[PDB]
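Commentary on secondary and tertiary structure
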Amino acid sequence: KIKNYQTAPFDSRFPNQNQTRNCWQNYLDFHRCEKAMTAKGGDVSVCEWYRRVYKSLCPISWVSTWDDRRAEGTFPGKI
Amino acid sequence: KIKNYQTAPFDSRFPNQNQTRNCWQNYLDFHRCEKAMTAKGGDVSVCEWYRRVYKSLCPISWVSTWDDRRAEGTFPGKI
Amino acid sequence: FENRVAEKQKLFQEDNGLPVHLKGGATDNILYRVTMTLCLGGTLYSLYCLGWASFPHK
Amino acid sequence: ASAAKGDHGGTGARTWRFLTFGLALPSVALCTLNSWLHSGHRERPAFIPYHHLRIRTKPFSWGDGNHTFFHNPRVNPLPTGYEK
Amino acid sequence: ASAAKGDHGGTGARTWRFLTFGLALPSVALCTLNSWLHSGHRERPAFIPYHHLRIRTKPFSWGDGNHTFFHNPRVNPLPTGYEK
Amino acid sequence: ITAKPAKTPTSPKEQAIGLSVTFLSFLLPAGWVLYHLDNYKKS
Amino acid sequence: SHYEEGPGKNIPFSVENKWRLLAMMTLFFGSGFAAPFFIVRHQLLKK
Amino acid sequence: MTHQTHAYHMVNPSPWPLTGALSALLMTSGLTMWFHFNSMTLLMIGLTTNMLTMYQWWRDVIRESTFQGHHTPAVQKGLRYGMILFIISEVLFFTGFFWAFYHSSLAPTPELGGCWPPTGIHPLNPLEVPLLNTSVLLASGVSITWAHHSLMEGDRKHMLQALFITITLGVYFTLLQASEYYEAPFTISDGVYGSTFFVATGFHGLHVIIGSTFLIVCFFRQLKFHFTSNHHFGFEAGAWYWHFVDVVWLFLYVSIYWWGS
Amino acid sequence: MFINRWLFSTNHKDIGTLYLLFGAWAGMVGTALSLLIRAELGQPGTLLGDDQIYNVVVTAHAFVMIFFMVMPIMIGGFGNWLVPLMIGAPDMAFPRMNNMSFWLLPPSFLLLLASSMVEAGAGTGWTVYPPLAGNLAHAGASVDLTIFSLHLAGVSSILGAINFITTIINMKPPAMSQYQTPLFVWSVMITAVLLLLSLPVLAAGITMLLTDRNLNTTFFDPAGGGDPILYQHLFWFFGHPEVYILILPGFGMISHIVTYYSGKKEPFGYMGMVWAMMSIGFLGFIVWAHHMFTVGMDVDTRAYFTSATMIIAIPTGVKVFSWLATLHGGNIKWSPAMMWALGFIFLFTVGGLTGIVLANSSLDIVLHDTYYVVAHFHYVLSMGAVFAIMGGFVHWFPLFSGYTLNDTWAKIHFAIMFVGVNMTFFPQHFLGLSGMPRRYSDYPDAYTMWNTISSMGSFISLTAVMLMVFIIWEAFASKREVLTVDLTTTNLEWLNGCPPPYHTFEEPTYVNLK
Amino acid sequence: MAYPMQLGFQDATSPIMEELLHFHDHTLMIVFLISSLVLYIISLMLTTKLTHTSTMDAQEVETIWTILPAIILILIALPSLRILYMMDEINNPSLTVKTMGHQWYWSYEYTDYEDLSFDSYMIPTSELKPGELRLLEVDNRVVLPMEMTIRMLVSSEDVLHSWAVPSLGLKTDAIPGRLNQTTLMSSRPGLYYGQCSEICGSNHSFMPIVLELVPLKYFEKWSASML
Ligand code: HEA
Ligand code: HEA
Ligand SMILES: [Cu+2]
Ligand SMILES: [Cu+2]
Ligand SMILES: [Cu+2]
Ligand SMILES: [Mg+2]
Ligand code: NA
């Protein structure tokens, strides 16, 4: 259980200069965990990790547009 | 939230006569959810669904051997 | 080396009534007989093994 | 699948005529039968304003500049949704 | 990648000799240099008794029937784990 | 198809014998084994 | 080569005597038909 | 029974077919004795009579062509079809193994971890030795072509030289492949991955040896002037077979070494 | 010298003869085995004692009839004897290799016999599917001996295919095109192509079964990630072509027989006839999965395989109708051979229609693995292949021997066999529809009547084959040599007299390039 | 089940099996047509002294005998495929039962809620109570609720087996390491028999399947009594 978080650590799944997927994946994963934990009457405190990570890595503007998209239901990712 | 479960319903991901993946996937998914919810101090009651499904579909012998494997740490699936 | 093909053409075209597998001389004959012996001997040997295995030998 | 129709799939105008009418053309008829004993009509897809579709960075230089070239109203929605 | 070395990659024994010594063989030397300026030694993999590996439904008809043909002790564990 | 007459004709009697021998070579060996099926089955 | 030719001469068995032929044919097809029956017997006699 | 007025070859009665057939019996049952009653005698006898048969059968074919001149143009044309048809069946033989591979790797089973390569398998790196092998074989495709041309142009020295290079390259591949087999961290008993890998490349490896000795035979026949600038079918076949071996490897490389790992 | 001639042959005629002899012998073994089958099923209860012996017998029956009787006789026998004679060739392209094709057969047969003698034999079914054929359920040398027999038989036929194709393509008179070679020759060329392409996939398949049993591979063992279904795909990829390979030479012979006894110069629609065999040959390579409809494949692929399987009836239809059109207006000679051909045309049609029923994957669910399929293939094989083999045999027997058969006895023979086989197999359609599985050594009481009638029909056929042996004896015993043969103008094989000399076409035919 | 001297299919217990009976009637009608046509033509050809041994033009009739069969095949295929798709049709089952073939018996598993498992062996002919069917009786039948969509999953623990029940229109091979699904649905209560339909060794003929269909209510109590 980590909240002694400094910043997103090295992730072997995304080992190269291009980190586009790292942001994306963590953004997705979070909203998927959040949905599951909210949809099965549970704790979203498990989904925290992903939010910290995607928050550290994703540009503000990307996060904003993705959220807006999810609101209007045009978010292309399958959450 | 379902416990008014009759049996595993039709799952479009596995639409054909071969249901080998259906059992497998639900077995994996459960143990992965169980681990997350236990590893982030949470509720495993979310993971219930998968256990019911994989329990319905998986032959007893498969479930037994996979469990034994997980105990000895030779379970090939990445949990 | 040197081209002695013409010389071998003559040896093999020589009307000695010998089939090609023997037309080459006395050695063709020993090879032939060695080959046929091993084949027949081995075939007999295999038939024997087939027999032994046919019956429960344990 | 694989293939093997005995021999003669080469040499002789008669042979290629034979293949043209005995194999090529019949294949076309079969695929035509199939492509018509299957091809009916796909129900027009539900319209959802995805941003990565119906792109318009510059208006088309024809018509009202908002309709693609082979625009089909039954199946191609404008950026605002289906036409009629 | 792609390829294009000007022309003459066809017709003349001199041309194929030219390609043999000017392209084919040099490629072999380069791949040899590479395959040796890289090939050192992979640390022997951690042994974990997976059931889908080190299969033995019938003993091999040679040796002690538990060692594969080109058994390499440094990298090939028996079903019970590495040898020595 | 036309043919010369038989060089060594097989009279009816000879045929009867030939037919008998043939049938027997097929029926005897098999009848023997089959008749004794029990003697083998009981072990 | 100098192999013989004509009716009854292009075969690996002599057809000069109809009764000796009767015997060879009998043995031939006979052994063939008999084999399966003795194999079944052989199998019944091991257990 | 006169003088023949057709260009075909009527071959003298030969014992080799019988002997070769008997060899097959000895090897298969010899293999049966080895696998079950742990003995190699029969198999050994079988292997021996087989070589003796191949040696003598092909010796006679040389006698009949180079020495007796029976290979008229009609006969040669026949031999060409025979070779091609033979290669074709070899292609289908290998197709069974590629099918097995694709079947297993595209639908990995739960017992493997439901992924390819199976969990627990450490595949070789295709940019190392396997890249080398690839360059060695293709290079020999080039040198054998130079050999062919030297031959058609009547250049004995260069034909021998080019042929020699081709051969050392094929030998080189064999040694490299043998080293890899030894160094490999997985074995034939390592599930469908090791099964697929070793029988497919093992059979190919066996074909590389068959092609090499075929070329070695062509080498010696050339040393003894058997080939003329226009009649050299033994070499053409040797070459076609070599390119087949070359191509099959390319498929292994892309399928099993690259894509499959 | 018996040796030089009979063991070291390089003569297409003598080799062809050797094949007919081997095939005749194997047919006795196969017939015996078929009787043990019906003996067991002729009365409720068990006769053999242990059902593994039954399974061993059922398996051997299939391999013998298919690999050691039908193929050697049709391809090796009639193929070698007639092919060169019909195109005016001196011999086959590779006469020495041809001899090895033959000599690989006795060893191969020996191995098959050996497999049923060591251990408990191979009771796997002719499909020899794993795991049942694996080193656990069938431990011991048996299955391996079976696999090796198949390797030798495969090598034999692959080598034979190369010979036939090369010969047929390279050794015709310079002016004669492929479209001027008789239908039998075409039939054996197409068959050779099928053998060339299918046999190697089988060899690959059974080599994988062999390594699984002895080298610890797991191509078909789920434990290692293998899949028993992979075997089925490889086996049947060879297996469907094989069934067409067993009937094509017969299509060829039937065309020659119907043409001859109708007094025609040529068969009706010669090119439609060539087109049909090519089509059948081609489509025969893309329908294999119709043998796996209960295995669990996606519904879409099952729909494809039933659709594809059905188109094969179109080209087959043009052949059946062409044979009938050939009879049209003919001056018919009711010879034994013609009788065999008329039976073939009808019986084959019945067996083929029945196969159309089975082509439906939906319907095959309930028919698969029942006696309905045993009825189908016995109609097309026991009354297709075999009937062609008999017609061809009595028709050309005088060309091979120089002697004639007693035509009346031959007709008696046909009549008996016609009754025997129908009595034997017709009832089996009932058993299948009503649910009786295949490969069973005993059955619920309800299926008694049909199995009883069926086993009785099998003894009638037994009488017919014993009778046949006699018929051959009497022809050789009586020695009526042939004088003149009809229609030689359109039947080259007869032009050199009966029997033709050791060496035929020593001086080529003369054919103008008009 | 099958009765003495039966000719056709066993009476249909389910709706798809009914569908198949009718589809088979349809196809058989056609095979009678063709086979009778071919026999009439053959007899027509062989009954006249009129001759015409010279050549006849090939092509002309070849089209009738290519187009006609093509039409007839489409008439068999359409229905065939329709049913083929129905059998696989997206069904929503109310119970899932698994069956596992073994070398010489079938074992069943109902595990939706409980962990109910039992073996099912053939009753030896010498232990048959009068009135019992010789090689068809099993000691422990597989009880299921009539009039409900059950999902059966078939697999095996050793060699291949095939789980079949003619009356219901079912046959699904049991393959080690694979779970095959089929959909069962009976429209009547009763006992329905089937037999192993894939050679599995020495006792392949002796491992029947007996289904017992009763109302839901009785299925539940039975489940509980079986543990
Ligand atoms: C001589 C060999 C032979 C031949 C020629 C064929 C020909 C056909 N067979 Fe079959 N068959 C076998 C031998 C043969 N078969 C064997 C051995 C097996 C079982 C193997 C095993 O499992 O052990 C088998 C099994 C088998 C199956 C597997 C069933 C199962 O296991 O559940 C199927 C499936 O479709 C099938 C179909 C066909 C078809 C569609 C034809 C078609 O080729 C038939 C075409 C012929 C006609 C159609 C009749 C003539 C045509 C007309 C008069 C024109 C008019 C016709 C129409 C418009 C319909 N056969
Ligand atoms: C060519 C193929 C062939 C032939 C001809 C036959 C012939 C016979 N077969 Fe069949 N049989 C098969 C191939 C064949 N069979 C196959 C593939 C199987 C499946 C095996 C499996 O399930 O794995 C099978 C299985 C099988 C079964 C099912 C067993 C079971 O499921 O348990 C039955 C049962 O009745 C049967 C019976 C018969 C009978 C009574 C004959 C009788 O007709 C025998 C009568 C004699 C003849 C009809 C032929 C005589 C011809 C000659 C002697 C040659 C003459 C020679 C010259 C002139 C040169 N066979
Ligand atoms: Cu088929
Ligand atoms: Cu079973
Ligand atoms: Cu069974
Ligand atoms: Mg089956
Ligand atoms: Na019985």
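Residues numbered from 1 in each chain as written, not as in the entry; some residues may be left out. Chains lettered and ligands numbered in written order. Part of a larger assembly, values for the part shown. Heavy atoms only, no water.

Before going further, it helps to examine a nonpolar patch on the surface. Together, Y45, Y48 and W52 of chain C together with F37 of chain H make up an exposed nonpolar region whose accessible area comes to about 400 Å². In terms of residue count, helix α2 (residues 26-54) of chain C provides more of the nonpolar patch than any other element does, three residues in total. With respect to the secondary-structure elements, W52 of chain C resides in helix α2. We classify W52 of chain C as partly exposed; its relative accessible area is 35%. (Patch = residues over 30% accessible without salt bridge, like charges linked within 9 Å, V, L, I, M, F, W, Y side chains within 5 Å. Areas by Shrake-Rupley, 256 points an atom, 1.4 Å probe, with all protein chains shown as cover. Salt bridge = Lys/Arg side-chain N within 4 Å of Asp/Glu carboxyl O. Helix = DSSP H or I, 4+ residues; strand = E, 2+ residues; numbered from the N terminus. Buried < 20%, exposed > 50% of the residue type's maximum accessible area, 1.4 Å probe, protein only.)

Residue and element names in this part refer to chain J. Around the copper ion (ligand 5), the protein contributes the donor atoms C196 (SG), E198 (O), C200 (SG) and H204 (ND1), at 2.0 to 2.4 Å from the metal centre. Around the copper ion (ligand 5), the four donor atoms sit at angles spanning 84 to 129°, and that spread fits a shape best called irregular. Counting gaps between the donor residues of the copper ion (ligand 5) yields the pattern C-x1-E-x1-C-x3-H. A spacing of 2.6 Å is found between the copper ion (ligand 5) and the copper ion (ligand 4), which share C196 as a donor. (Donors = N, O, S within 2.8 Å, 3.2 Å for Na, K, Ca; no water. Tetrahedral: all angles 85-135°; square planar, octahedral: opposite > 155°, others 65-115°.)

Quick look at the coordination of the copper ion (ligand 4) now. Around the copper ion (ligand 4), the protein contributes the donor atoms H161 of chain J (ND1), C196 of chain J (SG), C200 of chain J (SG) and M207 of chain J (SD), which lie 2.0 to 2.7 Å from the metal centre. Around the copper ion (ligand 4), the four donor atoms sit at angles spanning 104 to 113°, and that spread fits a shape best called tetrahedral.

Turning our attention to the state of the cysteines. If you walk through the whole model with that rule in mind, you get four disulfides over all chains. Across a sulfur-sulfur distance of 2.0 Å, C23 of chain A and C58 of chain A are joined as a disulfide pair. When the S-S torsion is 110°, as for the bridge of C23 of chain A with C58 of chain A, the disulfide is right-handed. You can see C23 of chain A sitting in helix α1 (residues 20-39) and its partner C58 of chain A sitting in the loop between α2 (48-57) and α3 (60-72), a full 35 residues away along the chain. Side by side, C23 of chain A and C58 of chain A carry an identical accessibility label, which is buried. Between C49 of chain C, a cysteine without a disulfide, and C39 of chain C, which holds the nearest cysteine sulfur, the sulfur-to-sulfur distance is 16 Å. Under the relative-accessibility criterion, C49 of chain C is labelled buried at 4%. (Disulfide = S-S within 2.5 Å.)

Another point: the arrangement of the chains. Taking contact number as the criterion, the leading pair out of 19 pairs of chains in contact is chains I and J. The two units chain B and chain F never meet; even their closest C-alpha atoms stay 39 Å apart. There is a gap between chain C and chain F: no contact, and a shortest C-alpha distance of 15 Å. (Contact = heavy atoms within 4.5 Å.)

What follows is about the packing of aromatic side chains. Here a ring pair, both rings aromatic, is described through the centre-centre distance and the interplanar angle of the planes. In the structure shown here, the tally under the stated rule is 119 aromatic pairs over all chains. Ring geometry for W24 of chain A versus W66 of chain A: centroids 5.1 Å apart, planes at 75°, classification edge-to-face. You can see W24 of chain A sitting in helix α1 and its partner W66 of chain A sitting in helix α3, a full 42 residues away along the chain. For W66 of chain A, a relative accessible area of 13% corresponds to the buried category. Ring centres of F94 of chain H and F244 of chain H lie 6.2 Å apart, and the angle between their planes is 65°; on these two criteria the pair is classed as edge-to-face. Of this pair, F94 of chain H sits in helix α3 (residues 73-106) while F244 of chain H is found in helix α7 (residues 233-259), placing the two residues 150 residues apart along the sequence. Of the two residues examined, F94 of chain H and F244 of chain H, each falls in the buried class. Above the ring of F225 of chain H, the side-chain terminus of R156 of chain H is found at 3.8 Å from the ring centroid. Above the ring of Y218 of chain J, the side-chain terminus of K217 of chain J is found at 4.5 Å from the ring centroid. (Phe/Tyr/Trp six-rings, centres within 6.5 Å; stacked < 30°, edge-to-face > 60°. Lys NZ or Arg CZ within 6 Å of the ring centre and 35° of its normal.)

All names here are of chain I. If you check the shell around ligand 2, you find 31 residues, and the closest are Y54, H61, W126, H378 and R439. Within the backbone of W126, one N or O atom sits 2.8 Å away from an oxygen atom of ligand 2. The separation between a nitrogen atom of ligand 2 and a polar side-chain atom of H378 is 2.6 Å. When contributions to the shell around ligand 2 are tallied by element, the ones reaching two or more residues are α2 (12-41), α3 (51-87), α15 (371-401) and α16 (407-425). Element by element, the count of residues in the shell around ligand 2 is highest for α15, at nine residues. (Near = heavy atom within 4 Å. Polar contact = N/O pair within 3.5 Å; in protein donor to acceptor, adjacent residues only side chain to side chain.)

Let us now look at the UniProt feature "binding site: Cu cation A2" in chain J. Under the local residue numbering, the UniProt record ascribes the feature "binding site: Cu cation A2" to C196, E198, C200 and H204 of chain J. For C196 of chain J, a relative accessible area of 0% puts it in the buried group. Once you skip the residues sitting within four places of it in the chain, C196 of chain J turns out to touch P437 and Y440 of chain I together with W106, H161, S162, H204 and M207 of chain J. If you trace the backbone, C200 of chain J turns up in the loop between β9 (190-195) and β10 (208-214). By relative accessible area, which is 0% here, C200 of chain J ends up buried. If we skip the residues at most four places from it in the chain, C200 of chain J touches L132 of chain I together with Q103, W104, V159, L160, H161 and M207 of chain J. (UniProt positions renumbered as here; feature names shortened; annotations may be inferred.)

What follows deals with the site of ligand 1. Near ligand 1 there are 28 residues, and of these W126, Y244, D364, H368 and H376 of chain I occur at the shortest range. Bordering ligand 1 are residues originating from chains I and J. Contact between ligand 1 and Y244 of chain I: an oxygen atom at 2.8 Å from a side-chain N or O atom of the residue. Take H376 of chain I: an N or O atom from its side chain is 2.5 Å from a nitrogen atom of ligand 1. Where the shell around ligand 1 is concerned, the elements lending two or more residues are α8 (228-245), α12 (313-327), α13 (336-357) and α15 of chain I together with α3 (64-88) of chain J.

At the junction of the two partners, chain J supplies 74 residues and chain I supplies 83 residues. Where chain J abuts chain I, roughly 6800 Å² becomes buried across the two surfaces, and 68% of that area is made up of carbon and sulfur atoms. Its largest share of buried area at the contact with chain I, chain J owes to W65, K171 and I199 of chain J, together 10% of the area lost on that side. At the junction of chain J with chain I, the criterion picks out three salt bridges. Here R134 of chain J makes a salt bridge to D442 of chain I, at a shortest N to O gap of 2.5 Å. Broken down by secondary-structure element, the contributors of at least two residues to the side of chain J that touches chain I are α1 (15-45), α2 (59-62), α3 and β7 (170-174) of chain J. Of all the elements, α3 of chain J adds the most residues to the side of chain J that touches chain I, at 13 residues. Along the lines of polarity and charge, the residues of the side of chain J that touches chain I split into 41 nonpolar, 23 polar and 10 charged. (Buried area = accessible area lost by both parts, 1.4 Å probe. Nonpolar A, V, L, I, M, F, W, Y, C, P; charged D, E, K, R; others polar.)

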